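Spelled out from the first residue to the last, the chains are:
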Amino acid sequence: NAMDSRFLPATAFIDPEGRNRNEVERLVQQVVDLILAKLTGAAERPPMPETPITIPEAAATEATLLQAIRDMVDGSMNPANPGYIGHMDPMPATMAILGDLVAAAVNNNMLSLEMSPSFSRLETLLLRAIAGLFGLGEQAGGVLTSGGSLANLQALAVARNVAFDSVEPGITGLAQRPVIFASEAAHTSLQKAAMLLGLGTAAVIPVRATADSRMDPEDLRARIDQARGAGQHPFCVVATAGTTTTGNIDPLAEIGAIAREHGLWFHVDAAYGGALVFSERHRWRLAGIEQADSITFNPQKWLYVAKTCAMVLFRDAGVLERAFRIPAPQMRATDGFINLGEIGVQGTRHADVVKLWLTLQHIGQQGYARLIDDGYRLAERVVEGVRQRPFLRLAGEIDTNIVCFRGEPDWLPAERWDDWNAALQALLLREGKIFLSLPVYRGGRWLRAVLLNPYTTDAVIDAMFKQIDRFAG
Amino acid sequence: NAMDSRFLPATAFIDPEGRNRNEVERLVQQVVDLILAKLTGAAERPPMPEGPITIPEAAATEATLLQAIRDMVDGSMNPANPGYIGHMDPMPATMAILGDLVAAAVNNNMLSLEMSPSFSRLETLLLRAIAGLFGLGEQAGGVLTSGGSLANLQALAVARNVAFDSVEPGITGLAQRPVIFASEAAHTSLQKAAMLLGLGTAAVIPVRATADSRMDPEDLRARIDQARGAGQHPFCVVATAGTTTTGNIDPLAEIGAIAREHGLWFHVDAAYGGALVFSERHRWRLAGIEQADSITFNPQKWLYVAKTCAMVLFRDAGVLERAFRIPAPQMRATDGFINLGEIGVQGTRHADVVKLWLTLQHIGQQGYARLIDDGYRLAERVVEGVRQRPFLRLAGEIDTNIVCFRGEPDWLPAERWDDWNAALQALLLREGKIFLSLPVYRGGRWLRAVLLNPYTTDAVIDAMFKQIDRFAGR
Ligand SMILES: [Cl-]
C-alpha cells in the first residue's frame, strides 16, 4: 500500500476515507491563501515580470513546493494588472479558476461517456445552446477543443473530407491541389492546419483585405476564378470575425454568399468576435454568420474563461459522423449521446465545460453585454487619442475592442519608424507599467491595444497618451 | 466600469487592488471546502454515478453555482473509489489539483514566451530532462500537448514532413500512397491521425501481434516488403509501449532495428508504459526506446497528473524547426528559448507544466517507483486469481499493471460469452461497487482491470473474485 510507505509523502494523494484529511487541508490552504494573496494584490506586480531542472529522487518539502509556486507566479505575465492592455489574454473570471479546481479534482475524461457521464452530456447540450445563439439551426452542435487552432483544424478537416471523401483513402491520389481562401489578415492556424491536413501551407490562398483589414469579396471572387484556371480545387472559404491583429470583422454575409455560389465550405473563424452574440447592441456586426457551415469560437478570449476554452460548431453536427469519425462500431447511449472522442481531433480531453458553464452562469448574458460595451468604450478613447495626435496613425476603423496604431513621425525617415515604435512600447512598459503588444503588420511594427481587463480605466488610457506625448516631445 | 455595476456580481473577477478581497476569499473557500469534502469522502460515492441548458440573462447566485458544482461532482465518474479498477484514469495527485488552480489563476498562455515567460522556459527545460531520462540524447526535447492523441498526431506529421517534404506543398501530388505500420493492438489515434494528416485511416497497416499482444517482428518485415511490392511508400513504424487494452509492450529494440534497417522513422507510443522510466526495477521493459526518433508519453495516465498532461519528444528537437514549423520570422529570446506555439499542433495552450512540475517534485522518482511496484503487485494478484478459475481466461502475459481477462464458461456456447461477461461486469459494479471496463478485443467482449488507484487493496481484488465466484455458481 504505497500511501503507507516511507516512499510517498502523506499528502501525495487525497485519502478517499478521510485518513489524511487534516494534512491535505493544510497543504491545500497554503496554496489557496498564497494564490489569493497574489491575485487580490495583482496590481503590485507589473504586467510583465523581471525573470537547473531535475526531477528529485525524494519527495519535495511543502516549503520547496510553495516557493516554486511563488516563483512561478512572480515570473508569469500578469493580465490582472490594469496596465495590461496588449493581448487577447484576460484576467480569468473567478468561477473559471474555481471550475478548473473542480475539474482537476474529479479528473473526468471527455474521451467517452463512461469517463465523463455528466460533463459529456453538459458539453453536448451547452454547445447546442450556443450554436443556437449563433443562429445555426436545429441540427447544429459541436465539441470543445483545447484552443482555437484545433477548432479551425477540425473545421478544415471536415471541409476536406466532405469535398474529397478522404477519411479512409487520404488525399494523396489527387491530380488537382486542394486550396482554401482566407483574408490576408486571417489567423496563422490556417496555414498550420493546412500543413497538418496534408494540403501544405501554400494551400491557403490570401484574399486582399481593405484598408480597414476586412476581406474584399470582389477579390475573393477573383481568387476563386484564378484558382480554377490554374487547375486547383478550392473547397473552403474562411471568413474571420475579429482578426487577431486589428480586431476587424469580415463581411460575413457577402463572403458566405460567394462561398455558397461556388459550392465551397464556409467556415467562420469567430475565435474572438464570436462573443458579440451576447451583445444585442453589437451582434449585427456578425450578420451572415448564421449560415456558416462551421464556426470557431473561443470563450477563453472575450468571455474571460481561463485558458483553454474553445469550440468548433457545425450547422449539421451529424457531419462529424459522416466525414470525420473513423470507422468503428457506433455505441450511442439510450438518451441519445455519443462518445465525444470519436468526433474531435483530441481523444482524451480536460473537462473545460466545468469552467465554461460556471463562468457563463456567474456573469450572465447581460454581464457580458456590459463588459463588451466597456471594451468598446475604452477602445474608442484610444481611437480618439490617436486621432488627436498627427504623429500617430490608426491601422484603420475598428470593429471590436481592439486598436492597432503606430508612430509615423515626420522627424524620422520611414525606415526608422520600427525602432521608434519598439522604443515607445519599451518605454510604456518600463516607466508607464503599461503593456502594449508590438505585432508585425503590413511590413512594419505596429502597437496593439486589446482592451479586455475589466479593471482598465480611462485613467490608464490617459496615462498611456501622456507617456506617448513625453516620448514624442 | 462593469465591476462597479448591478450587472456584475461583486465576485465575478478578483479586484487586483483588493477591493473585493473578502467576498472573493469566502466564495473560493466554499468551493474549496466542498471539493475537499467530496474527495476526502470519495469512498462514500460509487465508482460510477447513479436540462434544459440555458445561458441565463442575469448573474447566477452563489447558491445556484455551489449546487451546480455538487451536481457535477455527484454525476461524475469516481476514480478515487478504491473499487475503480477499470481505466487508465486515476485519482489525481494532490499537487496536480493545486497546480491547475495555480495555472488558471495566473492564466498565462503557452502560445508564446511573451505570454508565458516562466512556464515556456520551465516546460522546455523539463521536457529536455525527461527526454534525457528516456535516453534520447543531448539534442532531444519536445512539447506538452493536450492529450496523447495530439502527441501521436504531431510525431506522425513530422515523420511525414521529413519523408515527403510536405510542409509547404502538401502531399496531394504523390503517386504512391504513404503508409505506416503499427501493431494490430496499437491505439486508434493512429488512424485518426492518419485521417487528419491526409493519409487516410487505411494508411495504418496492422502488423500481427502475438498471443501476448506484442508486435511480431517477422510479420513487420513482411508487411513492409508487401507494401513496397504493392506500390506504397512506407515512412514510419509505430511501436507501442503499453497497449491500451492489454497493457503489453512491443519488443522495442527489435522493432527499432527493423525500422532503421528500412530507413523508416521509429515512433514509440509510450503513452502509458513510458512511466516506467521512473522505475529502476521495471524500466528495462522499455529497452530500445532510447533510439526512437520520437516518443509519446502521457503523465496523465501512470504519473497521476490530472488530465490533460502529455508530451511528444524528439531525439532531435531541431527537427521541429525544419519539418513542422510554418514559414515565419524566427523569434528567439537571448537565453535561447523559442515560442512554443510555432512547434506544436496547438497554438494557445493551457499551462500543463505547472501541475506536471509540482507533481513530479512532490511524488519524486522514489514515489513513482513505489506506486508502480504496487500496481504490478495488484495486477499479479488478478492474474493469479484468474489462473485459479478454469472458467476464466487471461488475454495473455502482462507487461504492465493491466490485466485483460474474460469468462469462457463451458456451460455456454461461445456466442453467449459476450453476454456472460457483460452481465458479470454489470453485477460487479452494482453489487460489488467495483468497476472493470469491457472493451472489444479479438472479436469479443473482455473484462479489463487497470490497477492504478493507490488505495486499491488486496481486499478489493478479493471482493471482486468473490463476486465472480458467486456469479458463476462457485
Ligand atoms: Cl487543458
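- X-ray crystallography is the method the PDB entry lists for this structure, together with a resolution of 1.99 Å.

- Taking the PDB entry as the reference, chain B is identified by name as Pyridoxal-dependent decarboxylase belonging to Sphaerobacter thermophilus DSM 20745.
- Quoted verbatim from the Sequence similarities (unreviewed entry) heading of the UniProt record, the comment on chain B is "Belongs to the group II decarboxylase family."

- Per the PDB entry, chain A goes by the name Pyridoxal-dependent decarboxylase and belongs to Sphaerobacter thermophilus DSM 20745.
- One UniProt comment on chain A, placed under Sequence similarities (unreviewed entry), says "Belongs to the group II decarboxylase family."
- The UniProt entry for chain A carries the following comment under Cofactor (unreviewed entry): "pyridoxal 5'-phosphate".

As for the overall build of chain B
Working step 1: Looking only at helices and strands, one finds 13 helices and 12 strands in chain B.
Working step 2: The C-alpha atoms of chain B give 24 Å as radius of gyration, which agrees with the globular expectation for 474 residues (23 Å, within 12%).
Working step 3: Considered along the principal axes of its C-alpha atoms, chain B spans approximately 70 × 65 × 45 Å.
Working step 4: A buried classification covers 66% of the 474 residues belonging to chain B.

Examining the interface of chain B and chain A
Working step 1: Opposite the 152 residues of chain B that make contact, chain A presents 150 residues.
Working step 2: In total, chain B and chain A occlude about 13500 Å² of area from one another, counting both sides; carbon and sulfur atoms represent 67% of this.
Working step 3: Our enumeration of links across chain B and chain A arrives at 0 salt bridges.
Working step 4: At the boundary of chain B and chain A, one finds 64 residue pairs in polar contact.

Some remarks on the pairing of strand β4 (residues 233-240) of chain A
All names here are of chain A.
Working step 1: With respect to burial, β4 is a largely interior element, 7 of its 8 residues being buried.
Working step 2: As defined by bridge partners, strand β2 (residues 178-183) adjoins β4 across 5 bridges and the pair is classed as parallel. Across the sheet, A182 pairs through a bridge with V238, a residue of β4.
Working step 3: As paired elements, β4 and strand β5 (residues 265-269) share 5 bridges and run parallel to each other. Among the inter-strand pairings, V238 is bridged to a residue of β5, identified as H267.

A word on the sheet that holds strand β2 (residues 178-183) of chain B
Residue and element names in this part refer to chain B.
Working step 1: The 7 strands are arranged β1-β7-β6-β5-β4-β2-β3 in an open sheet whose pairing can be described as mixed. The open sheet has two edge strands, β1 (141-145) and β3 (204-207), and neither has a second partner. Strand-to-strand twist in this sheet, taken as the mean axis angle between neighbours without regard to direction, amounts to 20 degrees.
Working step 2: Across 5 bridges, β2 lies against strand β4 (residues 233-240) in parallel orientation. Paired with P178 across the strands is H233, a residue of β4.

Some words on the sheet that holds strand β3 (residues 204-207) of chain A
Residues and elements named next belong to chain A.
Working step 1: Spatial strand order, β1-β7-β6-β5-β4-β2-β3: 7 strands in an open sheet with mixed pairing. Only two strands of the sheet have a single neighbouring strand rather than two, namely β1 (141-145) and β3. Within this sheet the neighbouring strands show an average axis-to-axis angle of 20 degrees, counted without direction.
Working step 2: Where β1 meets strand β7 (residues 310-314), 5 bridges bridge the pair, whose relative direction is antiparallel. Among the inter-strand pairings, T145 is bridged to a residue of β7, identified as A310.
Working step 3: In the packing of helix α5 (residues 148-164) onto the sheet, contacts are made with β1, β2, β4, β5, β6 (294-297) and β7, and the angle to β4 comes to roughly 150 degrees.

So, the domain arrangement of chain A
All names here are of chain A.
Working step 1: Assigned domains within chain A: domain 1 (1-107 + 352-473) and domain 2 (108-351).
Working step 2: Each of domain 1 and domain 2 was reduced to a C-alpha centroid, and the two centroids are 27 Å apart.
Working step 3: Per-residue buried area on domain 1 facing domain 2 is highest for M88, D352 and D399; these three make up 18% of the total on that side.
Working step 4: Connecting domain 1 to domain 2 are 4 salt bridges.
Working step 5: Here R281 and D373 are joined by a salt bridge, their closest N and O atoms 3.7 Å apart.
Working step 6: Remark: the boundary between domain 1 and domain 2 carries 23 residue pairs in polar contact.
Working step 7: When residues in the side of domain 1 that touches domain 2 are grouped by element, the largest group, 14 residues, is from helix α11 (residues 353-387).
Working step 8: Grouping the amino acids of the side of domain 1 that touches domain 2 by side-chain chemistry returns 27 nonpolar, 6 polar and 9 charged.

Describing the pattern of salt bridges
Working step 1: Inspection of the entire model under this criterion finds 53 salt bridges over all chains.
Working step 2: Residues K38 of chain B and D74 of chain B are paired through a salt bridge, measuring 2.7 Å at the closest nitrogen-oxygen approach.
Working step 3: Among the salt bridges present, the one from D419 of chain B reaches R416 of chain B, with a minimum N-O distance of 2.7 Å.
Working step 4: You can call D419 of chain B partly exposed: its relative accessible area is 44%.
Working step 5: Among the ionic contacts, a cluster of salt bridges with common partners joins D212, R214, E397 and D399 of chain A.

Concerning the packing of helix α1 (residues 21-40) of chain A against helix α3 (residues 94-106) of chain B
Working step 1: Contact geometry for α1 of chain A and α3 of chain B: axes closest at 11 Å, N-to-C directions at 5 degrees. By the angle between their axes, α1 of chain A is roughly parallel relative to α3 of chain B. Across the interface between the two elements, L27, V28, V31, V32, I35 and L39 of chain A of α1 of chain A pack against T94, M95, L98, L101, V102 and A105 of chain B of α3 of chain B.
Working step 2: Of the residues belonging to the contact of α1 of chain A with α3 of chain B, the class tally is 11 nonpolar, 1 polar and no charged.

Rules used in this analysis
Residues numbered from 1 in each chain as written, not as in the entry; some residues may be left out. Chains lettered and ligands numbered in written order. Heavy atoms only, no water. UniProt positions renumbered as here; feature names shortened; annotations may be inferred. Helix = DSSP H or I, 4+ residues; strand = E, 2+ residues; numbered from the N terminus. Rg over C-alpha atoms; globule rule 2.2 N^0.38 Å. Buried < 20%, exposed > 50% of the residue type's maximum accessible area, 1.4 Å probe, protein only. Contact = heavy atoms within 4.5 Å. Buried area = accessible area lost by both parts, 1.4 Å probe. Salt bridge = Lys/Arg side-chain N within 4 Å of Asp/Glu carboxyl O. Polar contact = N/O pair within 3.5 Å; in protein donor to acceptor, adjacent residues only side chain to side chain. Pairing = 2+ DSSP bridges. Axes fitted to C-alpha atoms, helices over the stretch in contact; angles between N-to-C directions. Domains from an automatic or database assignment. Nonpolar A, V, L, I, M, F, W, Y, C, P; charged D, E, K, R; others polar. Parallel < 35°, antiparallel > 145°, perpendicular 65-115°, else oblique.

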